[PDB]
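Asker: Got a structure for you, written out below as structure tokens; questions coming shortly.
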Amino acid sequence: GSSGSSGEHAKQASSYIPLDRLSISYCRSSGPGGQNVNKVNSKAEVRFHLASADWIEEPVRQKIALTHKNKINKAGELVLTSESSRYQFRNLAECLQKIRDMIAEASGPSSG
């Protein structure tokens, strides 16, 4: 062929997760009888307008809109929170880990 894939770009789903494209909020966590969380005030919350996620695939954007609607607040902004650690980026890393998995399950099956 006139070449034919000789470069370095063949990717279905993402892994990078652009923190600054998203919204971040740390927090302290309120809960009346949930987990342990006595004084460890290190929660990560992440918000993004899913429909504006040019970094997500078209078929996956509209998936998260529906299939993860329960994480959407109403506005089509997807909001979720993940906390278990004293560290900043560790809790935030789990937030982004779900976001990747939420994209995987919307993109195609693989193993699971």
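Asker: When only Cα pairs under 8 Å and 6 or more residues apart are kept, what is the percent relative contact order across the range 68-112?
Answerer: For the range 68-112, the relative contact order is 23 percent.
Asker: Considering only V37, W55, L78, whose Cα is most displaced toward the positive end of the charge dipole of the chain, charges sitting on Cβ of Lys, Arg (+1) and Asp, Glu (-1)?
Answerer: Farthest along the dipole direction, towards plus: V37.
Asker: Please get the size of the charge dipole for the range 22-108, origin at its Cα centre, with Cβ charges of +1 on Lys and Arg and -1 on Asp and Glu, quoted in debye to the nearest 20.
Answerer: The calculation lands at about 380 debye.
Asker: How many angstrom separate the Cα center of the range 2-63 from the Cα center of the range 88-110?
Answerer: Distance between centres, Cα-based: 6 Å.
Asker: Right, here's the next one. If the cut-off is 20 Å between C-alpha atoms, which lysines fall inside it for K11, apart from same-chain ones fewer than 8 positions away?
Answerer: List returned: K63, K98.
Asker: Take every Cα-Cα distance within the chain, group them into 5 Å bins from 0 onward, and report for each bin the whole-number percent of pairs it holds.
Answerer: In order of increasing distance, the bins hold 2, 11, 19, 20, 16, 13, 9, 5, 2, 1, 1, 0, 0 percent.
Asker: Under 8 Å for C-alpha pairs, at least 6 residues apart: give me the relative contact order for the chain, rounded to a whole percent.
Answerer: Contact order relative to length: 29 percent.
Asker: Stretch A93-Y26 to full length: gain in nm at 0.36 nm per residue minus the Cα-Cα span? Could the numbers behind the result be given before it?
Answerer: Values: separation 67, 0.36 × 67 = 24.12 nm, distance 1.21 nm.
Taking 0.36 nm per residue and subtracting the Cα distance, the gain is 22.9 nm.
Computed from the coordinates by the stated procedures, all read-outs in this text should not be read as laboratory data. Here the Cβ is made from the backbone with ideal geometry for all residues, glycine too, and neighbour counts use every protein chain on show.
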